[PDB]
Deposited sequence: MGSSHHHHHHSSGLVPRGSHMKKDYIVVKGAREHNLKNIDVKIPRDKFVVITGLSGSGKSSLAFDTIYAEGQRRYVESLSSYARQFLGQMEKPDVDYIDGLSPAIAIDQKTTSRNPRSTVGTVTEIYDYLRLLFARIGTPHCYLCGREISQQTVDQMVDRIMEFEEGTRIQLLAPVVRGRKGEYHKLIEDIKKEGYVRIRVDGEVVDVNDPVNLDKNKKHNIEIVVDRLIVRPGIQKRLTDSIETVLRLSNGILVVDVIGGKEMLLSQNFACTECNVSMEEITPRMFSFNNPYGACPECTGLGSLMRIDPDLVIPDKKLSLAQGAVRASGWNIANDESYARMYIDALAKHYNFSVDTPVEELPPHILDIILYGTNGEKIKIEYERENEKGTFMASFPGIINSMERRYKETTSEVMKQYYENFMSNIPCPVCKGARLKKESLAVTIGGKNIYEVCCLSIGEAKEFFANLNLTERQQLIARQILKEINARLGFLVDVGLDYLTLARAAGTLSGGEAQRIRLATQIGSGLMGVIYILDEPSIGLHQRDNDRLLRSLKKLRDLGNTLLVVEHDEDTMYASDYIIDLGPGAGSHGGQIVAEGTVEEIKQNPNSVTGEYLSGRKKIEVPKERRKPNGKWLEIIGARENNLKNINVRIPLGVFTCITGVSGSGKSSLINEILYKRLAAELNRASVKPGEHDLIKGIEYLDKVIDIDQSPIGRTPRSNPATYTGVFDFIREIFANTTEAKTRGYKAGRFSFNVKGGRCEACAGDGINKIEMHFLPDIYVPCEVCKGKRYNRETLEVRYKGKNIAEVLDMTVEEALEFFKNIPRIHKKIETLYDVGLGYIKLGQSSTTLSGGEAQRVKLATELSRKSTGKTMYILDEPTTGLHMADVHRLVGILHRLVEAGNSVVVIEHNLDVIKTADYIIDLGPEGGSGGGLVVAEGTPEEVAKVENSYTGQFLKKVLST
């Protein structure tokens, strides 16, 4: 009936007790860095996997891999659990849709056990090179004999369920032979969801960590309907989401908070959506109830006569459209997943602007020409791919600050007298780091089947530096203490140095005032990593006439975080710059002064400019789903 958890202190959870109902729709909400992922995936899923693995033999444990033991005391009512990780997975080019979704293995088994080899007048190759919808239709009309049906009932059932889920989510325009490495974000997310939650089971806990990455509102609604259908089978659903639709379509909501990092990790509000709204201490309830919201501008800026014309854009699935992008205003490029907006913007506009301004060597997409490039001076872009996590990377090194800090540290009098350079003051370069731990600071000993044990180094005491490097101090603080201070302390510490102060203020402006400069990248959260990347790309100097291109910056960001980002972008636009954002979040779109809509479908059915104009104008077009969704908001 319940999955009651008591005494949870993993990561930053402050010894909280949470009771999760079974066989229901439960949503974990909170700010970026609250501790939702550490609460679900790092505690409940870890405990379930460890308990199910300890009962197996040593050989099976070695061949599977046990995860770390959660720092939780009481966990009861658990069950076999299937979890989908928040982090995106990169697929090698050899992988295909059928191989990833495992439909290819079922097809091979069916053809080996039933092939006389053709099944229903079709060999393996012609059904492998087939669209999902027509493959489902062909498999639902099979007329094999009774003996074959008895032999291969389970294979047929699994294939039918998987193809039904893939059709339900809205992915019937793809082919089983399509490479997985050439798909959009939303399509790849749907494929990943279909891989695990495709063939549903009974009495199994399902854990989903933000399953709506790069999905439109229509795709999100379809996925929600599929999830409700799956839950009706008698399963438990635990979803960590920042979306309003998922919060509204749920039976129970557990809200963490009240902040992020060291200031969060507790439970603030619990109950249904209304109880969340009526609780003052809940930030999510405050945003849902409308007490705090992203302000829609009554007056929208008009273009100043300067336009960016894209003529003959036919890259990927684009059907030779002409799109005009106004300059000097905030423009949002919206559309259903797979409609062809990223393949337009990031593959033509940015790849041409960089080539013509930053002297890059990137070949753009298939297009005729772009008019109006002379009106800009530089282009700054944020890709849709996530950041790479390494233990040798921290936000200080990520946002180009470590170079300046090492330079100033090497510029001190003691460093000059000792004949040192900036290389010594880094833990990734031989000479200044503690060679016993190779600059790691902590040591991770890995066993064969038992969980790993982390033992800190005793030579450096976790400071990653030897005595010689730590003997030189700048303004009374060494480099270890410089790396150990939060972003607010660095801002208060580098006031008189504009070069470092600019980047530190950029980091602080996105809401990372609690993040230590030396916190490991692997330990960073998804939202914190996204904000770190945003600060990295937004800390660069702007000339007043520049293009800002953002590809889904809402990934892993709460309502407060996207409100902060919207304010930053609006100030940047008011400074004189022009911003183009590929967005799926309605809050960001409703504040845009111009919208370019693509559709009306995804895949081969899209690539046409359905709507173009201000949000009020777009809301009057019933053909586009974006207009239908914007009509309710306005």
Task: Non-modelled portions of the deposited polymer sequence, in sequence order - done: 1 to 23, 140 to 442, 961 to 962
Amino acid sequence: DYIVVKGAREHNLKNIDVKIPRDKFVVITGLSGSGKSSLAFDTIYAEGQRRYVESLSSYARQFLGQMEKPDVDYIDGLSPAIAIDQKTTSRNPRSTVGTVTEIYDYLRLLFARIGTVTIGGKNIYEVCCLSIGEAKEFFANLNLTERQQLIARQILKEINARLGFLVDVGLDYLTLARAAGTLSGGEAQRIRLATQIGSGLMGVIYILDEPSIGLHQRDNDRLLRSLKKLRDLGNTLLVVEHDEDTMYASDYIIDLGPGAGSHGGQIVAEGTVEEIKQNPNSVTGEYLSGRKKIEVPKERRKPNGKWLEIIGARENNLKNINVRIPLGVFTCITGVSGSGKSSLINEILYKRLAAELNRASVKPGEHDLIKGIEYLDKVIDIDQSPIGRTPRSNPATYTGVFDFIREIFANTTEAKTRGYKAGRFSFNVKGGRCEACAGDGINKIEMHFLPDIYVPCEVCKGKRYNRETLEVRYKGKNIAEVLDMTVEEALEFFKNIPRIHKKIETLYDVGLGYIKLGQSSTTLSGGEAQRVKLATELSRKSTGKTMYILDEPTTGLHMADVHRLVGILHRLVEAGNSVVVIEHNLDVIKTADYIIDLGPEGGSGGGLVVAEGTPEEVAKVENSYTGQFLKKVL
From here on, numbers count along this sequence of modelled residues.
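Each form is matched to the other, and the largest set of C-alpha atoms that superpose within 1.5 Å is called the rigid core.
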TODO: Rigid core fitted first, then name the stretch among 432 to 440 and 198 to 206 whose C-alphas deviate most from the displayed form in 4 other deposited structures of this protein.
DONE: 198 to 206
- [ ] Using RMS Cα distance over all structures and residues, flag whichever of 443 to 451 and 265 to 273 lies farther from this form in 4 other deposited structures of this protein after a core fit.
- [x] 443 to 451
